[PDB]
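S.K.: At position 167 of the sequence shown (counting the first as 1) the number is 166 in PDB author numbering, and the numbers step up by one without a gap. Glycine included, every Cβ here is placed at the ideal spot set by N, Cα and C. For reference, the structure I am asking about is given below.
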Amino acid sequence: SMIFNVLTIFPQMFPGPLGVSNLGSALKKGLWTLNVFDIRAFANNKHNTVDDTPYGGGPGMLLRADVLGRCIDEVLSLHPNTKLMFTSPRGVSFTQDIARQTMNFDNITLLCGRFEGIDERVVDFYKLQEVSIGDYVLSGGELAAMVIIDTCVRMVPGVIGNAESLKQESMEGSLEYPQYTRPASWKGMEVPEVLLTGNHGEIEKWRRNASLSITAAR
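Below you can see the structure in the form of structure tokens.
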């Protein structure tokens with residue numbers, strides 16, 4: 000199959016957008032699995048806190064190493080051969096191709112940051128693969144984990160009928176092309192006539208030409 004384990008202190012966010020349209024359908028269908036672990040549950044600490052202030056001081060809090068380890072050990076006990084990852088804005092920049100490389104593993108674990116980060120020992124002891132969906136700071140790692148999961152799950156088979164699947168890959172580069180649909184006029188803007196001709200050859204040809212412009216503006 001294809002399993003994703005998410006470690007967060009906001010489990011109520013999930014599946015959120017991950018549970019809707021094809022993505023949710025296939026999830027119920029069981030084409031993929033979504034295990035969401037509440038990190039808060041692992042605190043055996045009497046203060047039952049997950050965060051704490053940082054040695055050396057400064058702002059905000061940091062997720063405690065002992066708590067995260069209890070959580071991570073449980074996931075490992077349950078999925079020993081799992082690729083441990085961690086969302087932070089200063090790691091491997093996530094791309095459609097990195098996604099593909101992740102498909103090679105069929106069991107990924109995504110720890111989501113919160114507050115000012117996590118105790119470094121966890122990064123080191125467990126050898127986490129830091130991943131960044133882009134050059135911006137979020138309130139936490141969970142939107143990141145969603146973006147990653149959405150990106151990868153779309154390349155599982157059965158989630159997207161082979162029609163839209165062999166396609167998208169046809170466009171090859173970010174170009175794609177202008178697309179149009181009914182009405183034929185809208186605010187007096189009419190559809191390029193070639194699309195209305197039924198001429199597959201002449202339409203593919205126009206679509207490659209339009210694919211090259213717009214991109215030419217890049």
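When you compare the CB positions of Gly-18 and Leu-26, do they come within less than 9 angstroms of one another, or not?
M.R.: Yes, these two residues count as a Cβ contact at 9 angstroms.
S.K.: May I have a chain-ordered list of the beta strand (DSSP E) segments no shorter than 3 residues that lie completely inside the stretch 70-123?
M.R.: 82-92, 106-111
S.K.: Whole angstroms are fine: how far does the CA of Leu-137 sit from the CA of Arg-99?
M.R.: 24 angstroms
S.K.: What would DSSP say about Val-49, mapped onto helix, strand or coil?
M.R.: Coil, per DSSP.
S.K.: Measure the CB-CB distance between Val-130 and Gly-68 and report whether it falls below 9 angstroms.
M.R.: no
S.K.: Note down, in chain order, each residue of its chain lying with its Cβ closer than 6 angstroms to the Cβ of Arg-113, except the 5 sequence neighbours on either side.
M.R.: Apart from sequence neighbours up to five positions away, the residues of its chain that approach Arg-113 with a beta-carbon distance below 6 angstroms are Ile-8, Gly-139, ordered along the chain.
S.K.: Using only CA atoms, which one of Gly-172, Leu-174, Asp-123, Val-91 lies nearest to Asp-134?
M.R.: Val-91
S.K.: Nearest to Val-152 by alpha carbon, out of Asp-105, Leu-61, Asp-37?
M.R.: When only C-alpha atoms are compared, the closest one is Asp-105.
S.K.: Evaluate the contact criterion for the stretch 31-41 versus the stretch 56-74: three or more CB pairs, one atom per stretch, below 8 angstroms.
M.R.: yes
S.K.: Along the chain, which unbroken stretches of the beta strand (DSSP E) at least 3 residues long are found entirely within the stretch 122-147?
M.R.: 128-131
S.K.: Can you tell me the Cα-Cα spacing of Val-74 and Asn-161, whole angstroms?
M.R.: 33 angstroms
S.K.: For the alpha helix (DSSP H) containing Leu-30, list its first residue and its last residue.
M.R.: Note, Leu-30: premise wrong, no alpha helix (DSSP H); not H, not E.
S.K.: Which whole-angstrom value describes the C-beta separation of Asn-4 and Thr-108, a residue pair presumed to lie in contact below a C-beta threshold of 8 angstroms?
M.R.: 4 angstroms
S.K.: Would you check if there are 3 or more beta carbon pairs closer than 8 angstroms linking the stretch 140-147 to the stretch 174-187?
M.R.: no
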